[PDB]
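Written below as structure tokens is the structure these notes are about.
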């Protein structure tokens, strides 16, 4: 019940002109009173300051001496660090399991890197929804495999979503590695739509062709749609 009292002690000693005692109590105290969320957000928020131990360096000290922490503490750890310009720190916390290696941290990276998140889900919690859920670009294989290896084609949706909003572009995509064996998807039209809207038409058709290059993997409709696009795009 003195969570409040601990925060009161920190705020008092910080305010009272002895950052040393406030830091010594806050960092060297149990239950992570510099990673319980208000405390951690304060500690991450203060930027480097001459006169004492750097907040960043003090906090890394704190994290290592303290260690990985719970979903909430790991999550709190993860929520700013990706944003904080230390996305790479958060990649290390997911890879080093300084974070919970949960679905949340992976998803946070998938918002900024599907692939490593996908790596974590492939490695940490072996889920499918989150891992596929973002597949903007990167390691083609996981994407092409989860679309390719039904399931799942919803990973195809997630990637088309992720390629509906993708800074990557024509080139490294996932249909063809996925479909050297023709596969209809949740909507192949989606695939062309995404490609088309990105004018990645060429990759959609190119990849689809390879899918057709396993022959019994061959559907008029893939081809129908392909030809349809070529009729309006370039025959």
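When we count neighbours, we look across all protein chains shown, and the Cβ atoms used for this are built from the backbone with ideal geometry, even at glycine. What follows draws every value from the coordinates through simple rules; no lab data is involved.
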#### Entry: Top-ranked residue in the range 52-66 [being in contact (Cβ under 8 Å) with a residue 24 or more places away in the chain and in a loop (DSSP other than H, G, I, E, B); ranked as surrounded by the most Cβ atoms within 10 Å (Cβ to Cβ)]
53
### Query
Exactly one of (1) at positive phi; (2) touching a helix residue (DSSP H, G or I) at 6+ places or on another chain (Cβ under 7 Å) is unmet by residue 199. Its number?
(2)
#### Entry: Residue in the range 167-194 that is surrounded by the fewest Cβ atoms within 10 Å (Cβ to Cβ), counting only those that are over 21 Å from residue 150 (Cβ atoms) and touching a helix residue (DSSP H, G or I) at 6+ places or on another chain (Cβ under 8 Å)
171
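Report those helices (runs of 4 or more DSSP H) wholly inside the range 159-235 carrying at least 1 residues which are within 33 Å of the chain's Cα centre (by Cα) and under 25 Å from residue 115 (Cβ atoms). Break it down into steps so the answer makes sense when it comes.
Details: elements: 175-178, 188-197, 201-212, 220-232.
Ranges flagged: 175-178, 188-197, 201-212.
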### Query
Any idea which residue in the range 125-157 is surrounded by the fewest Cβ atoms within 10 Å (Cβ to Cβ), counting only those that are under 13 Å from the mean Cα position of the chain (by Cα) and assigned to a helix (DSSP H, G or I)?
129
#### Entry: Any hit, the range 87-100, residues being touching a helix residue (DSSP H, G or I) at 6+ places or on another chain (Cβ under 6 Å), closer than 30 Å to residue 146 by Cβ and in a loop (DSSP other than H, G, I, E, B)
yes
